Amino acid sequence: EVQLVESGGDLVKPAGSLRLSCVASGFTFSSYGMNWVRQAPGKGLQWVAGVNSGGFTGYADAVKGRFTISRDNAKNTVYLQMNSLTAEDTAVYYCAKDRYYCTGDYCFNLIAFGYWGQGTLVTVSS
Amino acid sequence: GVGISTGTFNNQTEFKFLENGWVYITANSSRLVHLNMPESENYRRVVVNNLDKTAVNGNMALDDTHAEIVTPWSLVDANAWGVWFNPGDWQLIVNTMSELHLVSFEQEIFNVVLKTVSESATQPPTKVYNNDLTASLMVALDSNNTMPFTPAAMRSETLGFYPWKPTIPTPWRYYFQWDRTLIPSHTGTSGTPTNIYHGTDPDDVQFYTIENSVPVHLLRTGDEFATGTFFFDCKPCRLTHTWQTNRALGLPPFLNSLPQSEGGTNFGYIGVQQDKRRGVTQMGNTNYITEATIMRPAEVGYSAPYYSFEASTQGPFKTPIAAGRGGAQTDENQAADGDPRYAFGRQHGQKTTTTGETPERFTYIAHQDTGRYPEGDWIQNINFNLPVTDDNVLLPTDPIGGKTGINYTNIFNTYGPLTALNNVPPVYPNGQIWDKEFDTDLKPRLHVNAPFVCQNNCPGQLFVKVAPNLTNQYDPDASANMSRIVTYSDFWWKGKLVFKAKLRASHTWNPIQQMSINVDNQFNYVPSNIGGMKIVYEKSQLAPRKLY
Amino acid sequence: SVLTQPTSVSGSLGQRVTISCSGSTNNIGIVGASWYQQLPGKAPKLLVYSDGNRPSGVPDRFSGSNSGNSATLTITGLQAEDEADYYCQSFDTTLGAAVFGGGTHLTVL
Amino acid sequence: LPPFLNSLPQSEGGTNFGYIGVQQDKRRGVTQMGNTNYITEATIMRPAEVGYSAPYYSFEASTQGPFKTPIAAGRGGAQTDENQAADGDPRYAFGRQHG
Amino acid sequence: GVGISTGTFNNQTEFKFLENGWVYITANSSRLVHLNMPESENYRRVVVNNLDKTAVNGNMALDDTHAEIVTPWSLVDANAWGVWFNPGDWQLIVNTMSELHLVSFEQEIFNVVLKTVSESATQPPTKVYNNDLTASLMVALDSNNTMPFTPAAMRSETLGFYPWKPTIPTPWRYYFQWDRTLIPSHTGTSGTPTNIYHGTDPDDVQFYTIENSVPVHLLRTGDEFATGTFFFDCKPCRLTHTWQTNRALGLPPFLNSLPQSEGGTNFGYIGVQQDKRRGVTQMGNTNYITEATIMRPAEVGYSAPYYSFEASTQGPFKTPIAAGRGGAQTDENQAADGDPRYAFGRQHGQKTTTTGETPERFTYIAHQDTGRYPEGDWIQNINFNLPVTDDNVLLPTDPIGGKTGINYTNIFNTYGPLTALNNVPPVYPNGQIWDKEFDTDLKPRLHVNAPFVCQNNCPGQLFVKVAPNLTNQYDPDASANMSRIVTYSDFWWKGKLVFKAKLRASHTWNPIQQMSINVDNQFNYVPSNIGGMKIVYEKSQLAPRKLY
Amino acid sequence: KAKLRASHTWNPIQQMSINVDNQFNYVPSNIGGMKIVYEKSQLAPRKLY
């Protein structure tokens, strides 16, 4: 069955950078897009970014231009470099995989589904 | 020299005769062609995906999702009956010919001209046209059949049908592989079916460019290019239809009691009780010999799932069928599936003096009755008790799957090793003339779009393009749009299509049908007071023939 | 962009309950809602797809519907374990971004 | 031939699709469906049929017993998921002499 | 004639096979070149001195000081792989061909067009373009290689790589002798390190001029120029790589105790104590025979001072090496010296829709392991007592010259009579194809910039220039700027490069590495939605071969 | 008897290639065991029409 794992969340000073990592197994990592979704303590959900198989990336305006997402298809691993962090970015981050195989620029990063991982916590303060 | 013309306009049709009742029908066509410079010199890969239309449950037949490469090159296509024959020549052909062979094909571009557009920038706008005698027109002839075959007749985009009107070439493009899933639905389905475009599989990618594949001739105003004669190998095409169906093959039963006086009610009779008759039947478990039950040599036509849509990697597509309804010649609204429908514009038959963007349409109904009438079909149990009880018959009014509007004729195919069927009839003027045979190991018996199919290979496509007329400001390393002097070309295209046909004979006492001008249709072949032309469709297989 | 949701909802044990989400033509009217459930402190798990189907192992209790610019989720045979926060999800076709709703808390009585 | 796209994208982006640009009941073209004016990629004429559908997992009985109705080719798009191999695509079982 | 085309466009890559497994590769390449008139009709002797950058102590590596002659001519250079092959052809060559030979090369300028520019000066700006039939394009072929050789692949200034994209020719310049002194320094050097520029020695002055050394053709709009077929004489080129190193040469040691179960930990053991072994070693005073201490036939590769800079009359430069660091396949960051780095713009691979001046870059990690991993070396005493002590081993971590960062490998050299090393792999697209051999009495064994090195001669550089279209106000005695009509030229260039390759053979049970398209690299080879193209680098030596 | 293919398109096509994943399917195991894994035969695409 599909399994995802995440790591890299930690308490960090404002500004600077932080780099998350999510790993996958049980499914053909190449054929599926990967997405990060975040939720602040007690608050609602907010999609962060997604990366289709070809290296094409998508971001939400709250991070567009600040974060950079990527993949390593040879290791079923996805990375999220979070540069220029601010206090508002304090949240829990989850790793997801869309239901329907998809690749290329015109490919919707996330439609419906994902075996969300346990997630990693991130806090920005000093 | 610049001032010397490089060719001759010619739009005559010559019917040269030969031995044994044959005739060479050599058709010449000539056009003036207008080619603007391409919107961009670059190839593009573009996706169309109308989720706005297909998301509405039940519109799954309206899927236009596809990937296409858009090229700077334009396609010149004369593969349509309207490009060669005017109504009169068609009248001669379909009234006097029995079978029609396609022999050769030729084309040449001559009298090239290039012009540049200058704008004055005066407060009231105005612009002046100057000749660019040193500019070039790019011409590429794909004789090796390396490029995708994109017949313009399908989208109603071949050269015009009027010799006295200018024409344009269709912008060229071709399909790029894509993946797509669309689960059908009905007004009333819950949620929203999966309607997704998965992308393009890398192993299927094929990107072509004219520059890397075909030799390109640069034609200045003093140059001309001729393709060279091409020789076909197509199967013969018959200009006669077949009226017999299974019910009319073989020897009729002897009518023991003929009528004695004439009258609409004075039918004949066979005179032998059906269970007591003599003959042959495949229904080996019953003695009844009837016109509906008696064995026949084979089967004409076939029933096919009508409005069946089959999905593959690229999404849904309708199942094609060879022929449509039988006996539906009376009403257009009863054409139903199979019988082709053409929707065309003013370059191809629509009343030219009309306005608006409603295409002019017709539905072709052939004279051949190799079709089916599903409301008259039925399936009944093997015991064959008669009259049949409700439980032993599947009438067309009995539902399948619970849907009251879907019956077994929709999911019922009768094609077999006994099926006999004819090729598709020529459609004048909008019908395609020839088509290329598929590169599959096993090949279809006929194509629905062209009466002639090409056994091995056949004529290459001709592509044109205005050479880049750069300004002094060109800079390759800039990522902006290239700066081009606004340049356009008018050139003369001339082609020769050579057919070989056999004249018809009269095997019967009666006169057969023929196409003729009549008061109800005379104005369709003459210009209007304001110069409006229209070309109406004409039937091909008017004459009848015996099948067996 | 964002999808509207009710703040909270209540239902008695064994009764049926309903939850609603609202959007626009470019998010719900084109792509249906997908409903998620989140237990206290755990990562959320999906309940109903936009396809209308449910993942393997999801109780038959849940079911979803869609109408125009809005969607709706229902629970039949409400149980004590169903007390959790719920979220609608769609895809804004214009921005090309997944849009999640404001969330709703269901109370079991 | 694809349909001419009367309006094309102006920037790179997953959402920057193209558009045929003409209302469907107003399109020029040729289709076999004689009782409609909608011309669409699903409904536009094609020369012939590539591949065919068969009553898959049909078992047919003769004098020697039931057998599976063989088909020429398998599913489309199954290359992305082994679980969808289904009929058509062969399955080989073999031993240490042969792999 | 003005109105007649003088050539034909052609890209087609034609494979023609011979007997005995050889194939001829004819690569046709055709472009549209765009040529503005030069900034000044005069040759210029110019000095660049980035004293400001190098005054910052420790920046000596960034020295850019030199003297050049700037010419009013432009160089048309087709000496790069991307000008001839698209990725598909490169795939076929590097997947099926084991070796490659340069055979012949030809080129021609044709369809010459010359236009002048006039500006209206109207309040809303506008400008018009006019042809000039009398205007001439000056073209010069340096068949005898009189002018200094200056391949443009080193500056990414060759002809572009897309047939559908026009290209500029590179403005031409060459080096003029200069004297330079630059004492190196470190952040912390007191005062200003000696940094001076002295000028030019009288005995090394060479002011080459095209007009006084090369015949010049004056091409009007109806003329053409053909260089003629040049035939190369280069040594053959290998599209395979050697994975063997000194540790993999010869007969491996017999394993008296082979493994008994599968697993990554189930290794074999030789079984014979190291000083009791049999065999041969160059260590004349020790009884150990080990896979490091055994005699091997010769040395593969060699160590060299890496990031070492050497100075001569003209100033400091980096010492070149044939191969780079070993083991870079595991981590790209460890490649560094030897493995070439290519920075290029949009004409030559960078995505054509990108903004800014930042160029695409890549380091080339060849497949051949003839390199070195200096952190794995050590030098120890001739006594050879083990386990070696600190006083007796020079480890790479040991400091040299009081420096933590510099160890002996930085100054270490092991080139000698026993060295065996390989030629440079081709780099598609940005690599240079052929390079002229030096005119020294003793010649380098290889060139690092091109796989093929000319033995006797190689094709003359093609120089182009717009003839001076003077106005009426010309005064040859004037010291002010000359007045010329703004002229530019569009001329089509067509080249033919002919190779001869040997098809590969299956020498092994296992398959070999091959270039292929995959879901990742897929869209690198197809245009974007707005037409953006990009050419990515592609390896050349995927097939392994047996060194010994 | 076989025919040698020709490059017909700008882009590379798919090929069978050894890689860090399939590597140990074409070499014997330490104790000397061999295997043959299935291989595709129609990687190169062709134009149907």
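A, B, C, D, E and F are the chain letters, set down in written order, and residue numbers restart from 1 in every chain.
Rule of thumb we're sticking to: contacts are C-beta pairs under 8 Å (C-beta built on N, C-alpha and C of every residue); 3 or more make two chains touch, one makes a residue touch a chain.
Per UniProt, the chains are B, E = Capsid protein 2.
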Both-way neighbours, i.e. chains that touch chain F and touch chain C: B, D
Computing the C-alpha centre of each chain, which chain sits at the greatest distance from chain E? C
Of D-F and D-E, the pair with more C-beta contacts is D-E
Rounded Å distance between chain A and chain C, as computed from the means of their C-alpha atoms: 22
Approximate Å spacing (C-alpha centroids) for the pair chain A, chain E: 40
Centre-of-Cα separation between chain D and chain B, whole angstrom: 22
Measuring from the mean C-alpha position of chain C to the mean C-alpha position of chain D, what distance in angstrom results? 34
Where chain E touches two or more other chains at once, by residue number: 13, 86, 353, 517-519, 522, 525-526, 528-530, 532
Identify all positions of chain C at which a residue touches two or more other chains, and write them in rising order. 31, 49-51, 93, 95-96
Quick one: which residues in chain A touch 2 or more of the other chains? 31, 52-53, 58, 101, 103-109, 111
Contact residues on chain E for chain D in the complex? 353, 528-530, 532
Taking the touch rule as given, give the residues of chain D at its contact with chain A in the complex, in rising order. 12-15, 17, 80-81
Chain D touches which residues of chain B in the complex? 39, 44, 46-50, 53, 60-66, 68, 70, 75, 150-157, 170-171, 173-175, 179, 181, 198, 201, 307, 309-313, 315-321, 324, 332-333, 335-345, 357-359, 361, 363-364, 430, 435, 438, 440, 444, 446-450
Spell out the residues on chain A that touch chain B in their complex, using ranges where they run on. 52-53, 100-104, 106-108, 111
Where on chain A is chain D touching in the complex? 28, 31, 52, 56, 58, 101, 105-109
